[PDB]
Amino acid sequence: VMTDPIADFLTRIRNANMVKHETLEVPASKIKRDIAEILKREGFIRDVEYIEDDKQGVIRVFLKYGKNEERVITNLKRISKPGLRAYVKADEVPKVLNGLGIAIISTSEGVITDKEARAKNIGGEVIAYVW
Amino acid sequence: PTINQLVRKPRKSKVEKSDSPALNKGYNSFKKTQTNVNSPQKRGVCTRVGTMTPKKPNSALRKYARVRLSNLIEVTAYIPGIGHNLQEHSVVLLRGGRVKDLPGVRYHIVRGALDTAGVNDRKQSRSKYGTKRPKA
RNA sequence: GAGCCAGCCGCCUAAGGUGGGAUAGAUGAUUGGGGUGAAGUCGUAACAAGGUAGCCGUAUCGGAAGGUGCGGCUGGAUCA
RNA sequence: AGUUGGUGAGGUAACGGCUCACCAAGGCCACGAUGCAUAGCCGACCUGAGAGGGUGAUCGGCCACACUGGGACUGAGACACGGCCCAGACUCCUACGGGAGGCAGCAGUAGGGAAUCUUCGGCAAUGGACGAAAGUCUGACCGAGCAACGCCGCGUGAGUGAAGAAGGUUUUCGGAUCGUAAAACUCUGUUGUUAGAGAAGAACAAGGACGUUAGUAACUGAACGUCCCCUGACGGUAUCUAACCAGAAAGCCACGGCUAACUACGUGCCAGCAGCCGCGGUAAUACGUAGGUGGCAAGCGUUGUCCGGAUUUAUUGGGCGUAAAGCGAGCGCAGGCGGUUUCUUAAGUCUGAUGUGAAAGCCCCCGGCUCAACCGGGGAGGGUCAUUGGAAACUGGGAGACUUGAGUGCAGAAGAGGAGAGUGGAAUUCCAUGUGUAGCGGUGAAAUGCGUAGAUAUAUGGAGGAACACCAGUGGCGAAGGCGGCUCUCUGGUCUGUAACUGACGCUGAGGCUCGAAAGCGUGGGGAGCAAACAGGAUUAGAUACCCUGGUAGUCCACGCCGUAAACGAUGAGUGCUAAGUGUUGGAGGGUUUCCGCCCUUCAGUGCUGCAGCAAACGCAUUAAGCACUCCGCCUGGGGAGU
C-alpha cells in the first residue's frame, strides 16, 4: 500500500534523473504541486505544467541539465518520514551544505524554503533536503 | 530495526568483566557479606613456595608461591626479581598484573614492600623491585 | 456532701514459647560430563572421487572413531 | 477481606476507613500489579566533538536514625542527639536485699583494613542562649599543630671562558664523545643565617556630657543624632631595612616496533622480561651492568577504578545470499502505519507576555592580593514547568463529497488443488497341471544357497498385495510440506474481459489458533516386492563395514499421538519507480486472412543473456541482492553448549 507519497515523488525524481531522461509523470495533489513550485524557482526544475482529468494527476516535470551534460539536482532525501515525524524550531533551522543546498519546511503559514524561515523566526515540520 | 521496535524493546548492552576478582573482596565479617572494596592490593600468607614450568614455546622454571588472601579466597601468585626470601608462613602483599607465558596465575607480589626483601643487586631500575639507592 | 486520688478490673500491643510450611548459603561416602597438560596405547572418519561423494533429520547397532535403513540438499569431482 | 464504596457515629490544627456498627461486593493489574535484589535524594563533579555514560566525597538544601524494640508526659513546637518508663544484649559496684551506664558531639584509645592527624590556644570577630545592662556559657567558630595528599608560584646560580686539562667510555688505534662541561677571572643574594624597624583584621555594647521629636500638669525616661572614653588568641605573625656567603639545596622512568632515544662487556632456551607483537640454545640495540641519549622534574613509576579511542547496542550512527543473523508456512484479536477533496476545531506543532528554575559552581565582563591558584561585584544558561494571547500548512478529532486501492455483479478460461466411492492393464511372486533333463544363481575371483522328494526353462489357469510403463516437457496446480492409471458424488483457489454496484471497507501483525516430508509411538487390519536389526558366505594383519545368499519390525489402510529436516532461492511481507534481447504455459484485442497456419498491441506466470546501479570479491540486475516508505523476526569474537 502506498503509505508515503512525498517520498515516492522524490524517489521518482531521483530515478528519472540518475538515468538522465527528461520528463516525468506523477499523480497530482495539494502539496506535491507546492514542492514542485518551490523546486522550480530555485533553478532546479526547468518547467512544470498541471494537467487534470477527473481525479489526482498529473504533474508533468521537465528536468534540467547543464550545457556540458551534467546534472544540476544531484540528490534528494526525505526527513520527516511517517512513523517518526521530525520538527524543528526557529533556532534550529537546518542549513544544507553551507547554503549551496536548500531544505523545505511546512510553516504554520505555508511551505517555504529555509532562508525564508530564518528571516521570520518560525519552526514547523521539515519535508526534505536537496542539493 | 524499525523505530517502533526499539520503542517496545530495551536495546541493552554487554557489560564488561574484571581482570582481578580477588581484589574486590566477597566480604567475610562478621557475617560473610558482599563486595564494594575495589582496593589496589591486599595481603596474605605464603602457604607454599616452589617453581613451576611454563608452556611452549618458552622454556624456564618460573618461581611462584601460593598464598591465601585475608578475604578467605585462595590465589597462586608470582614473584619477580632475582632470588628471594619467601618461605612458608610469611605475610606479603599482592599487586595485580597478569603473566602470559604461565597459566593459572594472574597476580604477582610486590618486592620489598613487606616481609619480602628487596632484590640485592640491581643498580638501574630499583624503583620496582624495591631497592634502596646505594649511597656507597 | 460534690470533686479528686492510691488499689482492683477490661480492650489494644513489644519481647517470649510452640507448630506446619516457604526460601538463600556452606557442607557430604559416591557419582556425570568438560577443559588443560611433554613424550602413551588403539584405529584412520573428514580434506583429492581421501580410496564405499559428503551433509541434515530420524531409528538401530557397536571398544571408539563410526556403520547401517528411510526421506531430503548440492555447497559433488568425472561424465555422456 | 478495612480491602473498595455507602449510611451513621467517634476522633484530629485539620479533610479522610483514621477507628468503630450496619449495608453492597468491589479495587488494581500486559501502559508491568505482586515478589525478589541493590541504593538515602538533589544543586553538582569526571569524561565526551555531541548525543550520552559514570559517580552523589569537601560546600549548600531536604529526608531519616541516636546500644536493639516498644510507649507517652511536659510543652507553641518532640513521640525528644548528652530527657523519663518497660523489655533485651553487653560493662561496672555491692554488705546480695539492690543500683549505675550508652563518643553515629571535639580530641584520644583497642579492633578491622592496602590506607587517613593534636587528648592544642581563645571568645579579639561573626552567630546563638539567658539578662533592663555590665556579664556568663558557647570543641558553633576563629586560629595554632601534623601528613609533598591536591593545585599554584620560586631556587638549587650568572657572564667570559679550548685544538680541548685529568679521567671515564670507545676505537680501523688515526681518534671520537662526555665538553665551555670543567678550570680561571668578573658578579649577584630570590634563598639561608643575623641585627634592628614592625601593622590591617576593632566595629562596638557599657559609661559620661549635649541636643531634637512624640507624650504629659510636669520631669525621670523612649526612640535616634554629636563628641570623650574604653578591648587582640593569633603574635613581635605577616612585612621593610642593613650584613655575610656560590657557598647548605636533584632525583625518577625509559632507549626492538607501536614511541622521542645506541653501542661495548657479561650470561648462552639457564638466569630472566614483557601492555601486545615476542626476545633468551656463543658475536643479543629485548636478559644483567657500564657508558652515552630522550622524557619529566620536587617529583617520578606500578597497581586499582570511570569515561574515551568503540560506528563494539549504531536517535545523531550498523546489519541479515555464502562471513553471527528471515521464524517451516498460513488465519488472524490487540497494537503500529494509511487513498483524494471542501468546511471545521485547535490536542500535537510553531510563536508572544508574565511567574518560576535558592546560594555557591562551569562560562562572559570588570576588580583586589608583587603574578597565579584564591577572593569580590555584575551578567547570562538550564523546564519536557504553570498561566495567558495569537497562526492554521502538517498529523489528530467533527459534518461532508469522490473512485484510481479493496471488494461485489455480469461473461468467459486453464489445472498431477482436496476428500469420498468403485474400476483397468503390464510386472514380480506363491499355487495347480503338461513337457523336460542336470544343473541353476552369484563374483574382481570365489563361496554360502535351491536342485534327481525333478530344479532353472517352458506353457495354461488361479490367488494376493503394492506402484502406475509410454504421453513427460527449465510444463501445470497449490501458502508451504507437496500432488501423475481411469470414471463418478461433494468441494477450494487463481486469471482475462466488461465497468452494473458499496464508497478507503487497506497493509502488516507480539501473545493465540490451524497445517506441517521422512523416521517414531498406540489400537485394529493387511502383507507381493524391498530392507535397519540379525544369520551365514566371502575380502582383510584385524573388518562386529563396503561385495553375495537369506531375513524381522517398517514400508500400505482407519482413527488418534509426536511437531522435527540442507522444511533452500540458505533471499520476510505489502506497494511504486528505473535500457534492452531471447524462448515457453494461459488469455483478451487489431491487420493479413481459409491466420485455426503469420504480423502488431496488451494482461498474467515462467526460464537464459545483459546496461545503469550495487557488491569485500563470487556475482544480481522489471521474477533486483538497484532506488525508496510501513509492519514484523533475528544478530554483536571462537570454544564451554542449544549443555
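Where a number appears in this text, it was derived from the coordinates with a stated rule and is not lab data. Backbone-built Cβ (ideal geometry, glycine too); neighbour counts: all protein chains shown.
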List B:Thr131, B:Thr47 from most exposed to least, where exposure is judged by having the fewest other Cβ atoms within 10 Å. B:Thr47, B:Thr131
Going by amide H atoms built from the backbone, whose H comes under 5 Å of the H on A:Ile102, apart from near neighbours? A:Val130
Where the Cα pairs of the protein assembly as shown fall when distances are cut into 10 Å bins, in %: 5, 19, 17, 9, 4, 6, 13, 16, 9, 2, 0
How about B:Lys56: which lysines have a C-alpha closer than 17 Å to its C-alpha, ignoring those fewer than 8 places off in the same chain? B:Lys100
The range A:21-62 scanned against label point 7 Å out from A:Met2 along Cα→C-beta; backbone N under 11 Å for A:26-29, A:56-59
Taking amide hydrogens as modeled 1.01 Å from N in the peptide plane, which residues meet the under 5 Å criterion relative to B:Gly112, leaving out close sequence neighbours? B:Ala117, B:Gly118
Work out how far the C-alpha atoms of the range A:74-131 reach from end to end along every principal axis, then list the three figures in whole Å, largest first. 29, 28, 18
Dipole check, the protein assembly as shown, charges on Cβ (K,R +1; D,E -1), about Cα centroid: among B:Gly50, A:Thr11, A:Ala86 the Cα furthest to the positive pole belongs to B:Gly50
Taking only Cα atoms, what is the 0 to 90° angle, nearest 10, from helix A:5-18's long axis to the longest principal axis of chain A? 50
Quick one: if the Förster radius is 30 Å, what FRET efficiency do A:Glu69 and A:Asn121 give, using the C-beta to C-beta distance and rounding to 0.05? 0.10
Diffing the range B:18-25: the Karplus 3J(HN,Hα) column from phi (6.51, -1.76, 1.60, θ = phi - 60°), in whole Hz with x for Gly and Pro, holds 10, 9, 7, x, 4, 8, 10, 4
Assigned charges on the beta-carbon of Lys, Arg, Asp, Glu; the range B:37-136 dipole about Cα centre (debye): 420
Could you work out, for the range B:25-110, what percent of all Cα-Cα pairs fall into each 5 Å distance bin, beginning at 0 Å and stopping at the bin that holds the largest distance? 3, 13, 24, 22, 17, 10, 6, 3, 1, 0
For B:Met52, A:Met2, ascending order of other Cβ atoms within 10 Å (fewest first) is A:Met2, B:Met52
For the range B:79-90, what does the Karplus curve 6.51 cos²θ - 1.76 cosθ + 1.60, with θ = phi - 60°, yield as ³J(HN,Hα) per residue in whole Hz, taken in order and with x for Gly and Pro? 10, x, x, 8, x, 6, 10, 5, 9, 4, 6, 9
Using the Cα centre as the reference, give the magnitude of the dipole from point charges on the C-beta atoms of the protein assembly as shown (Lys, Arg: +1; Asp, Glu: -1; all else neutral), rounded to the nearest 20 debye. 2920
With unit charges on the beta carbon (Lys/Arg positive, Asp/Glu negative), name the residue among A:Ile127, A:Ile59, A:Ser108 whose Cα is farthest towards the positive pole of the charge dipole of chain A. A:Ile127
What are the equivalent ellipsoid semi-axes of the range B:63-136, built from the alpha-carbon gyration tensor (square roots of five times its eigenvalues), in whole angstrom, biggest first? 23, 14, 10
Dipole magnitude of the range B:1-68, debye to nearest 20 (Cβ charges: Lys/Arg +1, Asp/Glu -1, about Cα centre): 180
In terms of modelled amide H atoms, which long-range or inter-chain residues lie less than 5 Å from the amide H of B:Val67? B:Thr47, B:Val75, B:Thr76, B:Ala77
Relative contact order of chain B, please, whole-number percent, based on alpha carbon pairs below 8 angstrom and at least 6 residues apart. 18
